[PDB]
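Counting from 1, the numbers follow the sequence of the chain as shown.
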Amino acid sequence: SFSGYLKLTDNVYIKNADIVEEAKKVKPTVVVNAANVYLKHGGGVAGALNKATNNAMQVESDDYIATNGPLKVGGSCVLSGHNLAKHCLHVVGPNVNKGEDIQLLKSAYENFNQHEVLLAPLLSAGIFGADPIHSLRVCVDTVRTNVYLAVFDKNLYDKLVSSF
Ligand SMILES: C[C@@H]1[C@H](C#N)CCCN1S(C)(=O)=O
């Protein structure tokens with residue numbers, strides 16, 4: 001199962017790790033993607049997860065969007081996890097760099113409660129522009145299921161743990 005995680009609360013765990021490498025190692029039931037409403041996996045965690053699937057995630061996502069239209073900010077969809085996980089839960093956190101409401105970050109984390117255990121990044125962190133310390137606080141105060149957070153950046157990981 002998951003190894004090397006620091007336990008933050010009853011159900012939240014954190015590790016300085018590349019979520020793609022972590023997914024390939026664990027092959028969890030659910031890996032969370034830091035998705036956008038169009039499921040265009042260009043950069044950040046989404047670009048890295050999609051590149052690891054050899055673009056199969058993007059091909060599946062384009063078919064999903066063609067059928068269903070875009071997701072809502074704060075919403076999610078379950079698609080295949082390809083070679084990374086059984087499923088990928090594509091969750092759209094608000095993108096502060098697009099002027100999206102940070103209050104939607106709690107709604108985004110509520111999607112995690114539909115899955116008993118997940119490997120995830122901090123929503124709205126990185127290229128989404130939100131403060132990762134705030135994202136971790138919303139995560140611990142919203143998610144009730146078992147969430148294993150992978151934080152790519154060591155310096156950010158140390159800051160998140162030391163300020164928790
Ligand atoms: C925490 C969740 C659920 C929520 N939220 C309540 C029942 C228990 N589960 S479980 C353990 O099945 O993931």
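With rounding to the nearest 0.5 Å, the separation of CG in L79 from SG in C88 is 7.0 Å.
Looking at residues two or more places apart in sequence or on another chain, you find a side chain to side chain donor-acceptor pair (under 3.5 Å) between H82 and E60. For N113, there are no side chain to side chain donor-acceptor pair (under 3.5 Å) partners, not counting sequence neighbours. Contacts of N54 classified as side-chain contact (heavy atoms from CB on, under 4.5 Å), with partners at least two apart in sequence or in another chain: none. Among residues two or more places apart in sequence or in another chain, the ring pair (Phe, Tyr, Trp, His ring centres under 6.0 Å) test is passed with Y5 by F2, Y148. With sequence neighbours left out, the side chain to side chain donor-acceptor pair (under 3.5 Å) criterion links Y157 to no other residue.
Counting only N and O atoms by type, the side chains of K106 and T142 include a donor and acceptor under 3.5 Å apart. A donor-acceptor pair shorter than 3.5 Å can be found between the side chains of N55 and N50.
Proximity of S3 to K25: side-chain heavy atoms (C-beta onward) are separated by under 4.5 Å at one or more points.
Across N146, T145, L89, a single residue satisfies side-chain contact (heavy atoms from CB on, under 4.5 Å) together with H115, and that is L89.
Under the ring-ring contact (aromatic ring centres under 6.0 Å, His included) criterion, the residue pairs touching residues 24-78 are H41-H90, with sequence neighbours excluded.
Note on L122 and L104: separate hydrophobic clusters, where clusters join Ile, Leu, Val, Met, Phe, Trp and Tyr whose side-chain heavy atoms are under 4.5 Å apart, directly or indirectly.
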